[PDB]
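Only one structure is covered here, and it is reproduced in the block below.
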2 protein chains.
Amino acid sequence: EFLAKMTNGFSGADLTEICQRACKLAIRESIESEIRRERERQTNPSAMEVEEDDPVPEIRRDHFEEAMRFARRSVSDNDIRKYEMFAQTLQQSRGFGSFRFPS
Amino acid sequence: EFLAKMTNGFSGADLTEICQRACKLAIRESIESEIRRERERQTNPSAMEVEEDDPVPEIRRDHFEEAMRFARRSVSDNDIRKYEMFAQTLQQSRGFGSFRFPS
């Protein structure tokens, strides 16, 4: 809900990217963990991995807060202004309005 | 009031003409009467003009109904459409609308 009143003029095809961006960032943190989990120096067989790491089982908040910094509105202000000018080029009761019938 | 809901898209400078048109038509009927009032044939001095004619002491309805037939809208539909497009080129809350404050 905080993402709602922060992204005002974003199109629907744009905030479907920032969740794919935060997904991509969390996969980057997961493979980052799995490239150093097997990189154990003085790898003792004692104290086995019966407790798993499980570093990122879901998207955290700072993944969103980092992926949100690359947000970008696709449509400009000049094209939403173009479609509003097309809505008024369309009629939408282009005329009198608010009349009544004789008794 | 019947002239109101009959002249819809007339400008204010246009129905100030049709009352000058009905005035001009009633003056035409008044001088029409005064060009035949003094044109009495077999003009007897008996039965004097102690009762005046007074043919048109005000504008009648058919003066309006005849002058209304030469009504003409000055502004077109393309220029009222131009000013509405200028109203939307103007902002008039060109944006979000309808937000609230946190509790």
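Following the order of the structure tokens, chains are lettered A, B, ..., residues in each are numbered from 1, and ligands are numbered from 1.
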Can I get the residues of chain B within 7 Å of chain A, each with the closest pair of atoms and their distance in Å to one decimal, using only C-alpha atoms, sorted chain first then ascending number, as a Markdown table?
```
| residue | atom | partner | partner_atom | distance |
| --- | --- | --- | --- | --- |
| B:8 | CA | A:96 | CA | 7.0 |
| B:85 | CA | A:85 | CA | 6.7 |
| B:88 | CA | A:85 | CA | 7.0 |
| B:96 | CA | A:8 | CA | 7.0 |
```
Quiz item: So which residues touch residue 34 of chain B within 12 Å, counting only C-alpha atoms, skipping near sequence neighbours fewer than 5 positions away, as number ranges by chain?
Solution: B: 27-29, 39-40, 52-56
Quiz item: Please, which residues of chain B, numbered as in this document, come out helix (DSSP H, G or I) from DSSP, as a ChimeraX atom specification?
Solution: /B:18-37,61-70,77-89
Quiz item: What lies within 8 Å of segment 57-74 of chain A using only C-alpha atoms, ignoring chain neighbours under 6 positions off, as a ChimeraX atom specification?
Solution: /A:9-11,14-15,18-19,21-23,25-26
So that I have them on file, write out the residues from the current selection with N, CA and C atoms, as a PDB file, in the first residue's frame.
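To be explicit, this is the file written out as again.pdb:
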```pdb
ATOM      1  N   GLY A   9       2.107   8.050 -11.393  1.00  0.00           N
ATOM      2  CA  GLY A   9       1.787   7.998 -12.799  1.00  0.00           C
ATOM      3  C   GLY A   9       2.515   6.893 -13.518  1.00  0.00           C
ATOM      4  N   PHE A  10       2.670   5.754 -12.863  1.00  0.00           N
ATOM      5  CA  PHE A  10       3.311   4.620 -13.493  1.00  0.00           C
ATOM      6  C   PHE A  10       2.271   3.787 -14.215  1.00  0.00           C
ATOM      7  N   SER A  11       2.633   3.307 -15.393  1.00  0.00           N
ATOM      8  CA  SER A  11       1.734   2.453 -16.138  1.00  0.00           C
ATOM      9  C   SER A  11       1.761   1.044 -15.564  1.00  0.00           C
ATOM     10  N   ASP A  14       4.786  -1.133 -16.139  1.00  0.00           N
ATOM     11  CA  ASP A  14       6.038  -0.645 -15.589  1.00  0.00           C
ATOM     12  C   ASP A  14       6.305  -1.189 -14.208  1.00  0.00           C
ATOM     13  N   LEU A  15       5.284  -1.253 -13.380  1.00  0.00           N
ATOM     14  CA  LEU A  15       5.414  -1.901 -12.095  1.00  0.00           C
ATOM     15  C   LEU A  15       5.219  -3.405 -12.172  1.00  0.00           C
ATOM     16  N   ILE A  18       9.311  -3.835 -12.031  1.00  0.00           N
ATOM     17  CA  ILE A  18      10.014  -3.635 -10.780  1.00  0.00           C
ATOM     18  C   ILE A  18       9.813  -4.789  -9.817  1.00  0.00           C
ATOM     19  N   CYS A  19       8.809  -5.627 -10.037  1.00  0.00           N
ATOM     20  CA  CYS A  19       8.753  -6.854  -9.273  1.00  0.00           C
ATOM     21  C   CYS A  19       9.564  -7.947  -9.922  1.00  0.00           C
ATOM     22  N   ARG A  21      12.280  -6.926 -11.291  1.00  0.00           N
ATOM     23  CA  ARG A  21      13.592  -6.423 -10.921  1.00  0.00           C
ATOM     24  C   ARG A  21      13.958  -6.861  -9.515  1.00  0.00           C
ATOM     25  N   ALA A  22      13.006  -6.798  -8.585  1.00  0.00           N
ATOM     26  CA  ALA A  22      13.321  -7.246  -7.236  1.00  0.00           C
ATOM     27  C   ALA A  22      13.474  -8.760  -7.163  1.00  0.00           C
ATOM     28  N   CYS A  23      12.769  -9.497  -8.024  1.00  0.00           N
ATOM     29  CA  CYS A  23      13.001 -10.932  -8.133  1.00  0.00           C
ATOM     30  C   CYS A  23      14.402 -11.221  -8.648  1.00  0.00           C
ATOM     31  N   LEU A  25      16.964  -9.333  -8.370  1.00  0.00           N
ATOM     32  CA  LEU A  25      17.964  -8.955  -7.391  1.00  0.00           C
ATOM     33  C   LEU A  25      18.040  -9.996  -6.282  1.00  0.00           C
ATOM     34  N   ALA A  26      16.905 -10.602  -5.930  1.00  0.00           N
ATOM     35  CA  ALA A  26      16.960 -11.621  -4.893  1.00  0.00           C
ATOM     36  C   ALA A  26      17.576 -12.912  -5.411  1.00  0.00           C
TER      37      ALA A  26
END
```
What would you get as a short mmCIF file (atom, residue, chain, number, x, y, z; two decimals) with N, CA and C atoms, in the first residue's frame if chain B were moved onto chain A by least squares over all of its C-alpha atoms in order?
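The new file result-v7.cif reads:
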```cif
data_model
loop_
_atom_site.label_atom_id
_atom_site.label_comp_id
_atom_site.auth_asym_id
_atom_site.auth_seq_id
_atom_site.Cartn_x
_atom_site.Cartn_y
_atom_site.Cartn_z
N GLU B 1 0.83 -1.20 0.00
CA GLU B 1 0.00 0.00 0.00
C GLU B 1 0.86 1.25 0.00
N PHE B 2 2.06 1.16 0.57
CA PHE B 2 2.99 2.27 0.48
C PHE B 2 3.55 2.40 -0.93
N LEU B 3 3.64 1.29 -1.66
CA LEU B 3 4.03 1.36 -3.06
C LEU B 3 2.93 1.96 -3.92
N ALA B 4 1.70 1.97 -3.43
CA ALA B 4 0.62 2.52 -4.22
C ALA B 4 0.72 4.04 -4.27
N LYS B 5 0.75 4.68 -3.11
CA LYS B 5 0.77 6.13 -3.07
C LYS B 5 2.17 6.69 -3.23
N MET B 6 3.13 5.90 -3.69
CA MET B 6 4.43 6.41 -4.06
C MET B 6 4.67 6.41 -5.55
N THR B 7 4.06 5.49 -6.28
CA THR B 7 4.19 5.42 -7.73
C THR B 7 2.88 5.93 -8.30
N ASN B 8 2.84 7.21 -8.63
CA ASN B 8 1.55 7.74 -9.06
C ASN B 8 1.29 7.48 -10.53
N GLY B 9 2.11 8.05 -11.39
CA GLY B 9 1.79 8.00 -12.80
C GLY B 9 2.51 6.89 -13.52
N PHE B 10 2.67 5.75 -12.86
CA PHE B 10 3.31 4.62 -13.49
C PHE B 10 2.27 3.79 -14.21
N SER B 11 2.63 3.31 -15.39
CA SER B 11 1.73 2.45 -16.14
C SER B 11 1.76 1.04 -15.56
N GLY B 12 0.77 0.25 -15.96
CA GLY B 12 0.68 -1.11 -15.46
C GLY B 12 1.78 -2.01 -15.98
N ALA B 13 2.32 -1.70 -17.14
CA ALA B 13 3.43 -2.46 -17.68
C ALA B 13 4.77 -2.03 -17.11
N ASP B 14 4.79 -1.13 -16.14
CA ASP B 14 6.04 -0.65 -15.59
C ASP B 14 6.31 -1.19 -14.21
N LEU B 15 5.28 -1.25 -13.38
CA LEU B 15 5.41 -1.90 -12.10
C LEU B 15 5.22 -3.41 -12.17
N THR B 16 5.07 -3.96 -13.37
CA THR B 16 5.29 -5.39 -13.53
C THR B 16 6.74 -5.69 -13.82
N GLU B 17 7.56 -4.67 -14.00
CA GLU B 17 8.98 -4.81 -14.23
C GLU B 17 9.75 -4.72 -12.92
N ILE B 18 9.31 -3.83 -12.03
CA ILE B 18 10.01 -3.63 -10.78
C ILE B 18 9.81 -4.79 -9.82
N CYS B 19 8.81 -5.63 -10.04
CA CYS B 19 8.75 -6.85 -9.27
C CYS B 19 9.56 -7.95 -9.92
N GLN B 20 9.74 -7.87 -11.23
CA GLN B 20 10.73 -8.72 -11.86
C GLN B 20 12.13 -8.21 -11.60
N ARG B 21 12.28 -6.93 -11.29
CA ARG B 21 13.59 -6.42 -10.92
C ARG B 21 13.96 -6.86 -9.52
N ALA B 22 13.01 -6.80 -8.58
CA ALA B 22 13.32 -7.25 -7.24
C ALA B 22 13.47 -8.76 -7.16
N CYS B 23 12.77 -9.50 -8.02
CA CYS B 23 13.00 -10.93 -8.13
C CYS B 23 14.40 -11.22 -8.65
N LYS B 24 14.84 -10.47 -9.66
CA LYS B 24 16.17 -10.69 -10.23
C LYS B 24 17.24 -10.32 -9.21
N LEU B 25 16.96 -9.33 -8.37
CA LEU B 25 17.96 -8.96 -7.39
C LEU B 25 18.04 -10.00 -6.28
N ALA B 26 16.90 -10.60 -5.93
CA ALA B 26 16.96 -11.62 -4.89
C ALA B 26 17.58 -12.91 -5.41
N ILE B 27 17.41 -13.22 -6.70
CA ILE B 27 18.12 -14.37 -7.25
C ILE B 27 19.61 -14.09 -7.29
N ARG B 28 20.00 -12.83 -7.55
CA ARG B 28 21.41 -12.48 -7.46
C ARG B 28 21.96 -12.66 -6.05
N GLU B 29 21.15 -12.38 -5.03
CA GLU B 29 21.65 -12.64 -3.69
C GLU B 29 21.66 -14.11 -3.34
N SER B 30 20.82 -14.91 -3.99
CA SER B 30 20.81 -16.33 -3.67
C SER B 30 22.00 -17.04 -4.30
N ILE B 31 22.27 -16.77 -5.58
CA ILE B 31 23.45 -17.38 -6.19
C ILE B 31 24.72 -16.77 -5.61
N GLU B 32 24.66 -15.54 -5.10
CA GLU B 32 25.79 -14.97 -4.37
C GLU B 32 26.07 -15.78 -3.12
N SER B 33 25.02 -16.22 -2.43
CA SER B 33 25.24 -17.03 -1.25
C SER B 33 25.75 -18.41 -1.61
N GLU B 34 25.21 -19.00 -2.67
CA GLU B 34 25.64 -20.34 -3.06
C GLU B 34 26.99 -20.39 -3.75
N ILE B 35 27.56 -19.24 -4.11
CA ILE B 35 28.94 -19.24 -4.60
C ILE B 35 29.96 -19.12 -3.48
N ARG B 36 29.54 -18.74 -2.28
CA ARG B 36 30.44 -18.70 -1.14
C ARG B 36 30.13 -19.74 -0.09
N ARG B 37 28.98 -20.41 -0.18
CA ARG B 37 28.68 -21.51 0.73
C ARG B 37 29.58 -22.70 0.46
N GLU B 38 29.79 -23.04 -0.80
CA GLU B 38 30.70 -24.12 -1.16
C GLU B 38 32.15 -23.68 -1.23
N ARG B 39 32.43 -22.40 -0.98
CA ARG B 39 33.80 -21.89 -1.00
C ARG B 39 34.42 -21.90 0.39
N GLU B 40 34.08 -22.90 1.19
CA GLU B 40 34.60 -23.01 2.55
C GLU B 40 36.09 -23.31 2.54
N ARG B 41 36.86 -22.42 3.16
CA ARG B 41 38.24 -22.69 3.51
C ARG B 41 38.27 -23.31 4.90
N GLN B 42 39.36 -24.04 5.17
CA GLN B 42 39.50 -25.03 6.26
C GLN B 42 38.21 -25.81 6.48
N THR B 43 37.76 -26.45 5.40
CA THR B 43 36.47 -27.12 5.36
C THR B 43 36.55 -28.39 6.20
N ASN B 44 36.14 -28.28 7.44
CA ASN B 44 36.10 -29.43 8.32
C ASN B 44 34.84 -30.25 8.06
N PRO B 45 34.95 -31.58 8.00
CA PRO B 45 33.74 -32.40 7.89
C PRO B 45 32.90 -32.40 9.16
N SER B 46 33.50 -32.04 10.30
CA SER B 46 32.75 -31.86 11.53
C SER B 46 31.86 -30.62 11.43
N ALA B 47 30.83 -30.60 12.28
CA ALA B 47 29.76 -29.59 12.29
C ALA B 47 29.12 -29.48 10.90
N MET B 48 28.48 -30.58 10.52
CA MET B 48 27.89 -30.74 9.20
C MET B 48 26.73 -29.77 8.98
N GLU B 49 26.31 -29.67 7.72
CA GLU B 49 25.26 -28.74 7.31
C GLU B 49 23.88 -29.35 7.53
N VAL B 50 23.63 -29.75 8.77
CA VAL B 50 22.30 -30.21 9.15
C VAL B 50 21.39 -29.01 9.39
N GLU B 51 21.96 -27.87 9.75
CA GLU B 51 21.24 -26.60 9.70
C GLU B 51 21.61 -25.92 8.38
N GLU B 52 20.61 -25.73 7.53
CA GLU B 52 20.87 -25.10 6.25
C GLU B 52 21.02 -23.60 6.45
N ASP B 53 21.62 -22.96 5.45
CA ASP B 53 21.73 -21.51 5.49
C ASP B 53 20.36 -20.87 5.29
N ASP B 54 19.74 -21.13 4.14
CA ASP B 54 18.48 -20.57 3.65
C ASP B 54 18.53 -19.05 3.76
N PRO B 55 19.36 -18.40 2.95
CA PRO B 55 19.60 -16.97 3.19
C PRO B 55 18.45 -16.09 2.76
N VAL B 56 17.86 -16.36 1.60
CA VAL B 56 16.78 -15.54 1.08
C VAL B 56 15.61 -16.42 0.67
N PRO B 57 14.81 -16.89 1.63
CA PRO B 57 13.63 -17.68 1.27
C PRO B 57 12.48 -16.85 0.73
N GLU B 58 12.57 -15.53 0.77
CA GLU B 58 11.60 -14.65 0.14
C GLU B 58 12.28 -13.33 -0.18
N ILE B 59 11.56 -12.46 -0.89
CA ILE B 59 12.08 -11.14 -1.17
C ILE B 59 12.01 -10.30 0.10
N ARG B 60 13.12 -9.67 0.46
CA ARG B 60 13.15 -8.79 1.61
C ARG B 60 12.76 -7.38 1.19
N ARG B 61 12.76 -6.47 2.16
CA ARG B 61 12.33 -5.11 1.87
C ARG B 61 13.40 -4.34 1.12
N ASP B 62 14.66 -4.53 1.48
CA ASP B 62 15.72 -3.80 0.82
C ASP B 62 15.96 -4.28 -0.61
N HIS B 63 15.47 -5.46 -0.98
CA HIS B 63 15.48 -5.83 -2.39
C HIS B 63 14.54 -4.94 -3.18
N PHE B 64 13.40 -4.59 -2.58
CA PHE B 64 12.47 -3.69 -3.24
C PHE B 64 13.01 -2.28 -3.23
N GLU B 65 13.57 -1.87 -2.10
CA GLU B 65 14.12 -0.54 -1.95
C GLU B 65 15.33 -0.30 -2.84
N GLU B 66 16.06 -1.35 -3.20
CA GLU B 66 17.12 -1.23 -4.20
C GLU B 66 16.62 -1.35 -5.63
N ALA B 67 15.61 -2.18 -5.88
CA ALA B 67 15.09 -2.31 -7.23
C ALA B 67 14.21 -1.15 -7.63
N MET B 68 13.60 -0.48 -6.67
CA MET B 68 12.75 0.66 -6.93
C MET B 68 13.54 1.84 -7.46
N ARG B 69 14.84 1.90 -7.17
CA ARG B 69 15.68 3.00 -7.62
C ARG B 69 15.92 2.99 -9.11
N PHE B 70 15.55 1.92 -9.81
CA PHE B 70 15.66 1.85 -11.26
C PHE B 70 14.29 1.85 -11.91
N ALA B 71 13.30 2.39 -11.21
CA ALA B 71 11.98 2.53 -11.78
C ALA B 71 11.98 3.64 -12.81
N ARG B 72 11.12 3.47 -13.80
CA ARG B 72 11.05 4.38 -14.92
C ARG B 72 9.67 4.36 -15.53
N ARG B 73 9.06 5.53 -15.68
CA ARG B 73 7.74 5.58 -16.29
C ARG B 73 7.89 5.45 -17.80
N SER B 74 7.11 4.56 -18.40
CA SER B 74 7.22 4.37 -19.84
C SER B 74 6.51 5.49 -20.59
N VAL B 75 5.21 5.65 -20.35
CA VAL B 75 4.47 6.72 -20.98
C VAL B 75 4.85 8.06 -20.38
N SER B 76 4.88 9.08 -21.23
CA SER B 76 5.30 10.41 -20.84
C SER B 76 4.07 11.16 -20.34
N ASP B 77 4.26 12.43 -20.00
CA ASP B 77 3.11 13.28 -19.75
C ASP B 77 2.49 13.79 -21.03
N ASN B 78 3.24 13.77 -22.13
CA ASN B 78 2.70 14.27 -23.38
C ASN B 78 1.76 13.28 -24.05
N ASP B 79 1.78 12.03 -23.65
CA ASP B 79 0.90 11.10 -24.33
C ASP B 79 -0.36 10.87 -23.54
N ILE B 80 -0.29 10.97 -22.22
CA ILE B 80 -1.52 10.95 -21.45
C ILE B 80 -2.27 12.25 -21.75
N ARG B 81 -1.53 13.34 -22.00
CA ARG B 81 -2.19 14.55 -22.45
C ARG B 81 -2.74 14.42 -23.86
N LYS B 82 -2.17 13.53 -24.66
CA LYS B 82 -2.70 13.33 -26.00
C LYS B 82 -4.01 12.56 -25.92
N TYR B 83 -4.09 11.58 -25.03
CA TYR B 83 -5.32 10.80 -24.96
C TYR B 83 -6.43 11.59 -24.29
N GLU B 84 -6.09 12.51 -23.39
CA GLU B 84 -7.16 13.34 -22.84
C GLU B 84 -7.68 14.31 -23.89
N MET B 85 -6.80 14.76 -24.78
CA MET B 85 -7.26 15.58 -25.88
C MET B 85 -8.07 14.77 -26.88
N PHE B 86 -7.80 13.47 -26.99
CA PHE B 86 -8.68 12.62 -27.79
C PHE B 86 -10.00 12.34 -27.10
N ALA B 87 -10.03 12.38 -25.77
CA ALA B 87 -11.31 12.19 -25.09
C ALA B 87 -12.20 13.40 -25.28
N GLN B 88 -11.61 14.59 -25.37
CA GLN B 88 -12.42 15.78 -25.64
C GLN B 88 -12.65 16.02 -27.12
N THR B 89 -11.80 15.49 -27.99
CA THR B 89 -12.16 15.44 -29.41
C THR B 89 -13.34 14.50 -29.60
N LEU B 90 -13.40 13.43 -28.82
CA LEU B 90 -14.64 12.69 -28.70
C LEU B 90 -15.67 13.56 -27.98
N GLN B 91 -16.93 13.23 -28.21
CA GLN B 91 -18.05 14.09 -27.83
C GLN B 91 -18.21 14.17 -26.31
N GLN B 92 -18.47 13.03 -25.67
CA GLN B 92 -18.86 12.87 -24.25
C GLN B 92 -19.81 13.96 -23.74
N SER B 93 -20.98 14.03 -24.40
CA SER B 93 -22.01 15.06 -24.18
C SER B 93 -21.45 16.45 -24.42
N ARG B 94 -20.96 16.62 -25.64
CA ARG B 94 -20.47 17.89 -26.17
C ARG B 94 -21.71 18.65 -26.61
N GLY B 95 -22.32 19.36 -25.67
CA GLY B 95 -23.55 20.07 -25.98
C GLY B 95 -24.18 20.78 -24.80
N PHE B 96 -25.50 20.59 -24.65
CA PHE B 96 -26.27 21.37 -23.69
C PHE B 96 -26.21 20.83 -22.26
N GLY B 97 -26.71 19.63 -22.02
CA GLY B 97 -26.79 19.09 -20.68
C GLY B 97 -27.86 19.72 -19.81
N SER B 98 -28.46 18.92 -18.92
CA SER B 98 -29.30 19.38 -17.80
C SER B 98 -30.51 20.19 -18.27
N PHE B 99 -31.39 19.53 -19.00
CA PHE B 99 -32.67 20.08 -19.38
C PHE B 99 -33.78 19.26 -18.73
N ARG B 100 -35.01 19.77 -18.80
CA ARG B 100 -36.16 19.05 -18.29
C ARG B 100 -37.32 19.19 -19.26
N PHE B 101 -38.42 18.43 -19.00
CA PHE B 101 -39.68 18.24 -19.70
C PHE B 101 -40.75 19.19 -19.18
N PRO B 102 -41.68 19.62 -20.04
CA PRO B 102 -42.78 20.44 -19.56
C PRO B 102 -43.75 19.62 -18.73
N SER B 103 -44.44 20.30 -17.82
CA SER B 103 -45.38 19.64 -16.93
C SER B 103 -46.64 19.24 -17.66
#
```
